[PDB]
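S.K.: After the structure tokens below, expect a handful of questions from me.
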Amino acid sequence: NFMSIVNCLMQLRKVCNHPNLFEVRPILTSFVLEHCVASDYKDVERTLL
Amino acid sequence: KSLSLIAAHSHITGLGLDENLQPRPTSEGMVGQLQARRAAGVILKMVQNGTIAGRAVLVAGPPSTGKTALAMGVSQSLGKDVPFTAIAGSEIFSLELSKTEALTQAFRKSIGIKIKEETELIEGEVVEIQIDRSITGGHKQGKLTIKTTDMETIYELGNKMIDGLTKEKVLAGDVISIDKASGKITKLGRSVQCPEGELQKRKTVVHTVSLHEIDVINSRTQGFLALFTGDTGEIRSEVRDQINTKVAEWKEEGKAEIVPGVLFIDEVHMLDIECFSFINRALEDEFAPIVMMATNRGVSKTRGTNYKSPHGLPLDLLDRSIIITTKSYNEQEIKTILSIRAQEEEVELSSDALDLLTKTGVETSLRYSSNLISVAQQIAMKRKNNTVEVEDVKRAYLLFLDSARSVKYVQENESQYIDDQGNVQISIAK
Amino acid sequence: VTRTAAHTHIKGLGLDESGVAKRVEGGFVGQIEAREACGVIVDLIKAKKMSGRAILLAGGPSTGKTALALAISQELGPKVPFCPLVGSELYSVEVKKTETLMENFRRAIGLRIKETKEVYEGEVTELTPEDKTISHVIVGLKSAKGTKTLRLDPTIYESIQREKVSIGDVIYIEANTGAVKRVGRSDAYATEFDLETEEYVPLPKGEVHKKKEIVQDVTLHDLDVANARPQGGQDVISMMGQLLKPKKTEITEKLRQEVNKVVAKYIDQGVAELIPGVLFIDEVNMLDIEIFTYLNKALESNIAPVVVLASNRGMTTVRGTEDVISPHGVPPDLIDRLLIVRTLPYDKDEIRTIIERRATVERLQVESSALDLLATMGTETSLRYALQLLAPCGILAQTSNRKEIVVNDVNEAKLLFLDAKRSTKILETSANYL
Ligand SMILES: Nc1ncnc2c1ncn2[C@@H]1O[C@H](COP(=O)(O)OP(=O)(O)O)[C@@H](O)[C@H]1O
Ligand SMILES: Nc1ncnc2c1ncn2[C@@H]1O[C@H](COP(=O)(O)OP(=O)(O)O)[C@@H](O)[C@H]1O
Ligand SMILES: [Mg+2]
Ligand SMILES: [Mg+2]
Ligand SMILES: [Mg+2]
């Protein structure tokens, strides 16, 4: 259509001047690995101790 | 779901022997070496017997024979619940840890202990939860209903049941499974859950723990942090002696049964003479696992001495050990090994490419053909067909050069390469 | 503007779709077999199936081994991890060379993950216990589009006490991680005092709770260091956990078994994807015999990817051995599992195209007489002496206000600067050790 062309170009016009495309730059915090290998052997420490 | 990509030692699964210990020609990834697989089956039933200990064995031979593949077949045919320790010969050299105490650490790592006990479990569907606390005082008073197919009862809860019931979110629709001795809650499913059986059942749990773990745990409290971080070393032998008498008392009382594991050391030729005499003492101990060694070098000078001892090992080590040797393979067995590597790598090969690949495997080496089978499917894959042609093997031969051919190229171009004294002709003229 | 240091003129191997390498393509002249075979190695890394393959690049100086190493490192792309390494760098006194070698084999591999995290932000209204207590704090974050109250742990509340926030300060709180950042005092309290060290930030737009997904890549060795030692935190117990034992130790095999166990669980869930990489070792002849013998069992291991070596010697004595004489400084068992790609030298016209294309990348203008003179110096002294003397001719052109390199500038470069053989010929005549 003619509306999808303009509505597709308004994002690039929302990019080239300033990245207003929802503007979420990641804060780069650490990984969310929750396994914690030692806790799988903590019960073994409880039985041996 | 042991992590398994394509290895050189991935196709070998089990030793592949019969009940009479005579090996088949093609069985379980291992083709050839009848005497080595039969003697390795004698070692396999030696570990499966478990009535004897303190024995060392050695697997020797030329390269491209598979002594490490034979020990891999022994470790794969060993099965689960038996510990297998595969260390390197240069792995014992450490700065924070002594070589002798690291070798003692491997000798304690090889043997494990099975200890079993019984616990109770109550698994059933929750109907509703009705806790009771106070806005000022505290002292929570929990009540909930547990239901199954043939039982439906209300369970009153204590303080720690509401501690674990409020630190872990749960609903009426959510279904729990509670252990009485552990005190922790297993929120398994919600209304996965579809349960059957009785409400309260008692099952047995079995734990396997090696002697090295008990050694560093009974060393100190932070030996558990040294068990994970690896900052252990140089344990006092009173833990080893009292732990040996405690393990012997656990065997006499019938509480703890032990499993005799296998200790495998790779590249044992460049080992120190102190570790040699330490093995010469440690093979005679009571809790001594079966040791398999793979001497890979030839006759040369041992590290730590000046004389050239034969086999690269002193005779005190080789006196108390048995030696298995391997021989070279025929022309047909290289084609069979490349065929089973084609079955392992999922590569469809032609007959003429297998014949030319067998010929260049006889001429150069086994490993070069065992990689040319990999790259030949990709020179074939660039032509967008899964069939491997002889042109891909010839192109893979002229591109990837052998060691002896570039030895001839190095000896022809010695002016190009840098010499021993650092002299090099980086120019062309004059 | 643009820094050029014996590189950046090569944008890859420059091969065709059929495989045949061009003569002049991508900063390369000649060397068809090493470039096309190097592209076969590039596709071999693009297979994501092969492991344990070792291909050494053996040749003389000024032949293009490290340039081919930057050609494969540029041909792979940024999505494939590349680990540059020198064999002289593996010697360590904190741990053994075995731990650095196998650790580098865990450094070559990569693994990209995808995960969602929750983002909370807003102006702090009340910091008060619940109604009765063990001391937790409900933090009422006033955002623009919403107002919500949340209950926090005592550790993140302790970091809230660390940030010295009060009633009416904009904070940033992450749910899964627990890190706390303060943006500043809100703009509503800018008129309370005329001068204040705390900057005034506007209210954050959007909701209170926000979610997003990241395609962040992180190497498996970074997960191994994350599994090995405590890194940091904002509390006393985490910072003292760092401060107590920060010295790096050797890693056991069972730890790597649990790491790739939960990594294999992540690839069983369809979250992550395992991709191999490249460990490139420079000057393999400088390695000890212990690193060679651990390379023998290490290439028999599973996770060892396509490792490219570079050795510039021949039938020499191995380091750590007395009587062992072997080609390339490599023992014959490691050389048996190695693959040798022979490097070809270059003619006079190919030296002229090296000086030519290096001059166009260096943005200098060279006349034809000075180009033929630098060709004769390329065929007389060395290649690195002509490429080393490309810049002082342009410097003397700048001092003489000329825009092109002339005969007198390169002859003045011959008088002011001397090569190897003139230095040896001068140092042959000595009065008192000249
Ligand atoms: N009996 C065998 N069956 C299958 N493959 C074998 C056998 N013997 C040797 N190989 C091949 O030899 C290669 C490894 O040889 P290796 O065990 O390293 O020799 P060495 O221990 O003498 O260095 C493997 O890729 C394997 O495929
Ligand atoms: N075929 C080639 N085309 C263009 N430049 C080359 C070529 N071969 C080598 N060079 C140049 O020679 C310089 C030094 O070569 P280098 O890779 O250091 O040799 P080596 O690997 O033997 O030390 C590099 O900066 C590179 O730009
Ligand atoms: Mg071996
Ligand atoms: Mg003795
Ligand atoms: Mg180099």
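FYI, nothing fancy with the structure tokens labels: chains A, B, ... in order, residues from 1 per chain, ligands from 1 as they appear.
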Distance limit 12 Å, reference ligand 4, atoms considered: only C-alpha atoms and all ligand atoms. Which residues make the cut? Give them as a list in words.
M.R.: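 Counting only what the definition allows, namely only C-alpha atoms and all ligand atoms, the set is residues 276, 277, 278, 279, 280, 281, 282, 283, 284, 285, 315, 316, 317, 319 and 320 of chain B.
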S.K.: Save the residues we just selected, N, CA and C atoms, as a compact mmCIF listing (two decimals), in the first residue's frame?
M.R.:
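The result, stored in result-v9.txt:
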# COMPACT_ATOMS: atom_id res chain seq x y z
N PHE B 276 58.68 -42.43 40.13
CA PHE B 276 58.90 -43.84 39.81
C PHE B 276 59.08 -44.66 41.08
N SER B 277 59.94 -44.19 41.99
CA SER B 277 60.11 -44.90 43.26
C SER B 277 58.88 -44.77 44.14
N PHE B 278 58.12 -43.68 44.00
CA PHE B 278 56.87 -43.54 44.74
C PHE B 278 55.80 -44.51 44.25
N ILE B 279 55.77 -44.79 42.94
CA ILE B 279 54.90 -45.84 42.43
C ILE B 279 55.40 -47.21 42.89
N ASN B 280 56.73 -47.36 42.99
CA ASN B 280 57.33 -48.62 43.43
C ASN B 280 56.98 -48.94 44.88
N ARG B 281 56.72 -47.91 45.69
CA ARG B 281 56.19 -48.17 47.03
C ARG B 281 54.67 -48.26 47.03
N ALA B 282 54.00 -47.36 46.31
CA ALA B 282 52.55 -47.22 46.39
C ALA B 282 51.79 -48.35 45.71
N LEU B 283 52.46 -49.17 44.89
CA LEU B 283 51.80 -50.34 44.32
C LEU B 283 51.59 -51.45 45.33
N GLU B 284 52.29 -51.41 46.46
CA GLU B 284 52.20 -52.46 47.47
C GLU B 284 51.27 -52.10 48.63
N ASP B 285 50.59 -50.96 48.56
CA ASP B 285 49.65 -50.58 49.61
C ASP B 285 48.38 -51.42 49.52
N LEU B 315 63.99 -50.29 35.80
CA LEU B 315 63.58 -51.69 35.83
C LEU B 315 62.80 -52.03 37.09
N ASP B 316 62.85 -51.18 38.12
CA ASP B 316 62.07 -51.42 39.33
C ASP B 316 60.58 -51.23 39.07
N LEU B 317 60.24 -50.32 38.16
CA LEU B 317 58.84 -50.17 37.75
C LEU B 317 58.39 -51.31 36.85
N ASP B 319 59.56 -54.32 36.66
CA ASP B 319 59.61 -55.64 37.29
C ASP B 319 58.26 -56.04 37.86
N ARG B 320 57.57 -55.10 38.50
CA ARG B 320 56.29 -55.39 39.15
C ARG B 320 55.10 -55.07 38.26
S.K.: With only C-alpha atoms and all ligand atoms counted, collect every polymer residue having an atom within 9 Å of ligand 1; state the result as an NGL selection string.
M.R.: (:B and (7-12 or 29-33 or 37 or 60-71 or 266-267 or 294-296 or 328-329 or 333-334 or 336-338 or 340-341 or 366-367 or 370)) or (:C and (296-297 or 300 or 333))
S.K.: Which is closer to ligand 2 than all the others in C:132, C:65, C:421, C:46, using only C-alpha atoms and all ligand atoms?
M.R.: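 Between C:132, C:65, C:421, C:46, the residue approaching ligand 2 most closely is C:65.
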S.K.: Assign secondary structure with DSSP using the backbone only, and return the residues of segment 13-59 of chain B in strand (DSSP E or B) as a PyMOL selection string.
M.R.: chain B and resi 17+23+26-27+30-31+56-59
S.K.: Can you tell me which residues sit at most 9 Å away from ligand 5, counting only C-alpha atoms and all ligand atoms, written as a list in words?
M.R.: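 Counting only C-alpha atoms and all ligand atoms, the residues within 9 Å of ligand 5 come out as residues 61, 62, 64, 65, 66, 67, 69, 282, 283, 310, 311 and 312 of chain C.
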S.K.: Smallest atom-to-atom distance to chain B: which of C:174, C:380, C:103, C:130, using only C-alpha atoms?
M.R.: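 When distances to chain B are compared using only C-alpha atoms, the smallest one comes from C:380.
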S.K.: Determine which residues of segment 208-316 of chain C DSSP labels as helix (DSSP H, G or I) from the backbone of this structure, then write them out as a JSON list (two decimals) with N, CA and C atoms, in the first residue's frame.
M.R.:
[["chain", "number", "residue", "atom", "x", "y", "z"],
["C", 220, "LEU", "N", 33.33, -19.60, 26.45],
["C", 220, "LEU", "CA", 33.19, -20.67, 27.43],
["C", 220, "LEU", "C", 34.26, -20.57, 28.51],
["C", 221, "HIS", "N", 35.42, -20.01, 28.18],
["C", 221, "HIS", "CA", 36.45, -19.78, 29.19],
["C", 221, "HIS", "C", 36.02, -18.69, 30.17],
["C", 222, "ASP", "N", 35.24, -17.71, 29.69],
["C", 222, "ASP", "CA", 34.67, -16.71, 30.59],
["C", 222, "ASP", "C", 33.68, -17.34, 31.56],
["C", 223, "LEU", "N", 32.95, -18.37, 31.11],
["C", 223, "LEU", "CA", 32.11, -19.14, 32.02],
["C", 223, "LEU", "C", 32.95, -20.01, 32.94],
["C", 224, "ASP", "N", 34.17, -20.38, 32.52],
["C", 224, "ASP", "CA", 35.04, -21.18, 33.37],
["C", 224, "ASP", "C", 35.65, -20.34, 34.49],
["C", 225, "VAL", "N", 36.03, -19.10, 34.18],
["C", 225, "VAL", "CA", 36.49, -18.17, 35.21],
["C", 225, "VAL", "C", 35.33, -17.77, 36.11],
["C", 226, "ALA", "N", 34.12, -17.69, 35.53],
["C", 226, "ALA", "CA", 32.92, -17.45, 36.33],
["C", 226, "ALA", "C", 32.59, -18.65, 37.22],
["C", 227, "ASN", "N", 33.06, -19.84, 36.84],
["C", 227, "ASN", "CA", 32.85, -21.02, 37.67],
["C", 227, "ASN", "C", 34.02, -21.26, 38.61],
["C", 228, "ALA", "N", 35.12, -20.52, 38.43],
["C", 228, "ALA", "CA", 36.33, -20.82, 39.18],
["C", 228, "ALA", "C", 36.43, -19.99, 40.45],
["C", 236, "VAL", "N", 30.02, -6.72, 51.53],
["C", 236, "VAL", "CA", 31.31, -6.94, 52.18],
["C", 236, "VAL", "C", 31.76, -8.38, 51.98],
["C", 237, "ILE", "N", 30.82, -9.33, 51.98],
["C", 237, "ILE", "CA", 31.17, -10.74, 51.90],
["C", 237, "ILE", "C", 31.65, -11.10, 50.50],
["C", 238, "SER", "N", 31.10, -10.44, 49.48],
["C", 238, "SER", "CA", 31.54, -10.69, 48.12],
["C", 238, "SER", "C", 32.88, -10.03, 47.83],
["C", 239, "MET", "N", 33.07, -8.80, 48.33],
["C", 239, "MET", "CA", 34.32, -8.08, 48.11],
["C", 239, "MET", "C", 35.47, -8.72, 48.89],
["C", 240, "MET", "N", 35.19, -9.19, 50.11],
["C", 240, "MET", "CA", 36.19, -9.94, 50.85],
["C", 240, "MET", "C", 36.39, -11.34, 50.28],
["C", 241, "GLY", "N", 35.35, -11.90, 49.64],
["C", 241, "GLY", "CA", 35.53, -13.15, 48.92],
["C", 241, "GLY", "C", 36.45, -13.00, 47.73],
["C", 242, "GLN", "N", 36.41, -11.84, 47.07],
["C", 242, "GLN", "CA", 37.38, -11.50, 46.05],
["C", 242, "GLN", "C", 38.77, -11.25, 46.64],
["C", 243, "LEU", "N", 38.83, -10.46, 47.71],
["C", 243, "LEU", "CA", 40.09, -10.01, 48.30],
["C", 243, "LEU", "C", 40.86, -11.14, 48.99],
["C", 244, "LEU", "N", 40.17, -12.21, 49.39],
["C", 244, "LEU", "CA", 40.83, -13.28, 50.15],
["C", 244, "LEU", "C", 41.76, -14.09, 49.26],
["C", 253, "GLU", "N", 38.90, -31.27, 36.16],
["C", 253, "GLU", "CA", 38.10, -31.69, 35.01],
["C", 253, "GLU", "C", 36.62, -31.79, 35.36],
["C", 254, "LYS", "N", 36.29, -32.11, 36.62],
["C", 254, "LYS", "CA", 34.89, -32.27, 37.02],
["C", 254, "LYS", "C", 34.16, -30.93, 37.00],
["C", 255, "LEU", "N", 34.87, -29.83, 37.26],
["C", 255, "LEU", "CA", 34.28, -28.50, 37.14],
["C", 255, "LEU", "C", 33.89, -28.20, 35.70],
["C", 256, "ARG", "N", 34.76, -28.55, 34.75],
["C", 256, "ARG", "CA", 34.43, -28.40, 33.34],
["C", 256, "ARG", "C", 33.31, -29.35, 32.93],
["C", 257, "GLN", "N", 33.21, -30.50, 33.62],
["C", 257, "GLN", "CA", 32.12, -31.43, 33.36],
["C", 257, "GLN", "C", 30.78, -30.87, 33.81],
["C", 258, "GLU", "N", 30.77, -30.14, 34.93],
["C", 258, "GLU", "CA", 29.52, -29.51, 35.36],
["C", 258, "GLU", "C", 29.19, -28.28, 34.52],
["C", 259, "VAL", "N", 30.23, -27.55, 34.07],
["C", 259, "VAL", "CA", 30.02, -26.38, 33.22],
["C", 259, "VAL", "C", 29.43, -26.78, 31.88],
["C", 260, "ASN", "N", 30.03, -27.76, 31.21],
["C", 260, "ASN", "CA", 29.47, -28.20, 29.94],
["C", 260, "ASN", "C", 28.30, -29.14, 30.14],
["C", 261, "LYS", "N", 28.05, -29.56, 31.39],
["C", 261, "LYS", "CA", 26.82, -30.28, 31.69],
["C", 261, "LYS", "C", 25.62, -29.33, 31.67],
["C", 262, "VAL", "N", 25.73, -28.19, 32.36],
["C", 262, "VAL", "CA", 24.62, -27.24, 32.34],
["C", 262, "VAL", "C", 24.60, -26.46, 31.03],
["C", 263, "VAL", "N", 25.74, -26.38, 30.34],
["C", 263, "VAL", "CA", 25.77, -25.80, 29.00],
["C", 263, "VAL", "C", 25.08, -26.74, 28.01],
["C", 264, "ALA", "N", 25.29, -28.05, 28.18],
["C", 264, "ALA", "CA", 24.58, -29.03, 27.37],
["C", 264, "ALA", "C", 23.10, -29.09, 27.72],
["C", 265, "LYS", "N", 22.75, -28.75, 28.96],
["C", 265, "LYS", "CA", 21.34, -28.59, 29.31],
["C", 265, "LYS", "C", 20.75, -27.35, 28.65],
["C", 266, "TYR", "N", 21.55, -26.29, 28.53],
["C", 266, "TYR", "CA", 21.10, -25.09, 27.82],
["C", 266, "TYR", "C", 20.98, -25.32, 26.32],
["C", 267, "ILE", "N", 21.80, -26.20, 25.74],
["C", 267, "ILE", "CA", 21.64, -26.52, 24.33],
["C", 267, "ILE", "C", 20.57, -27.59, 24.13],
["C", 268, "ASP", "N", 20.18, -28.30, 25.19],
["C", 268, "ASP", "CA", 19.03, -29.20, 25.10],
["C", 268, "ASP", "C", 17.72, -28.43, 25.19],
["C", 284, "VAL", "N", 56.06, -21.79, 17.44],
["C", 284, "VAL", "CA", 55.93, -23.10, 18.08],
["C", 284, "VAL", "C", 57.27, -23.72, 18.44],
["C", 285, "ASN", "N", 58.35, -23.33, 17.76],
["C", 285, "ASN", "CA", 59.68, -23.84, 18.08],
["C", 285, "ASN", "C", 60.20, -23.37, 19.43],
["C", 286, "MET", "N", 59.60, -22.34, 20.02],
["C", 286, "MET", "CA", 59.98, -21.85, 21.34],
["C", 286, "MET", "C", 59.31, -22.61, 22.47],
["C", 289, "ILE", "N", 59.24, -29.23, 25.68],
["C", 289, "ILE", "CA", 58.84, -30.60, 25.34],
["C", 289, "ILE", "C", 57.63, -31.03, 26.17],
["C", 290, "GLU", "N", 57.41, -30.40, 27.32],
["C", 290, "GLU", "CA", 56.24, -30.72, 28.14],
["C", 290, "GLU", "C", 54.96, -30.22, 27.49],
["C", 291, "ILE", "N", 55.01, -29.03, 26.88],
["C", 291, "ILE", "CA", 53.85, -28.50, 26.17],
["C", 291, "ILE", "C", 53.61, -29.27, 24.89],
["C", 292, "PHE", "N", 54.67, -29.81, 24.28],
["C", 292, "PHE", "CA", 54.51, -30.67, 23.11],
["C", 292, "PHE", "C", 53.85, -32.00, 23.48],
["C", 293, "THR", "N", 54.28, -32.59, 24.60],
["C", 293, "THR", "CA", 53.74, -33.89, 24.99],
["C", 293, "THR", "C", 52.33, -33.75, 25.56],
["C", 294, "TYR", "N", 52.01, -32.59, 26.14],
["C", 294, "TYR", "CA", 50.63, -32.33, 26.51],
["C", 294, "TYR", "C", 49.80, -31.92, 25.29],
["C", 295, "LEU", "N", 50.44, -31.45, 24.23],
["C", 295, "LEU", "CA", 49.73, -31.23, 22.97],
["C", 295, "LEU", "C", 49.42, -32.55, 22.27],
["C", 296, "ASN", "N", 50.20, -33.60, 22.55],
["C", 296, "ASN", "CA", 49.91, -34.92, 21.98],
["C", 296, "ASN", "C", 48.61, -35.48, 22.53],
["C", 297, "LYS", "N", 48.44, -35.46, 23.85],
["C", 297, "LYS", "CA", 47.19, -35.91, 24.45],
["C", 297, "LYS", "C", 46.08, -34.87, 24.31],
["C", 298, "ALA", "N", 46.45, -33.59, 24.17],
["C", 298, "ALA", "CA", 45.45, -32.53, 24.06],
["C", 298, "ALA", "C", 44.80, -32.53, 22.68],
["C", 299, "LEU", "N", 45.54, -32.92, 21.64],
["C", 299, "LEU", "CA", 44.93, -33.07, 20.33],
["C", 299, "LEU", "C", 44.10, -34.34, 20.22]]
S.K.: If I take atom CA of residue 79 of chain B and atom CA of residue 263 of chain B, how far is one from the other in Å, to one decimal?
M.R.: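 That distance, rounded to one decimal, is 14.8 Å.
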S.K.: Mind checking which residues fall within 10 Å of residue 47 of chain A, counting only C-alpha atoms, ignoring those fewer than 6 positions away in the same chain, and posting them as a count of residues only?
M.R.: 3
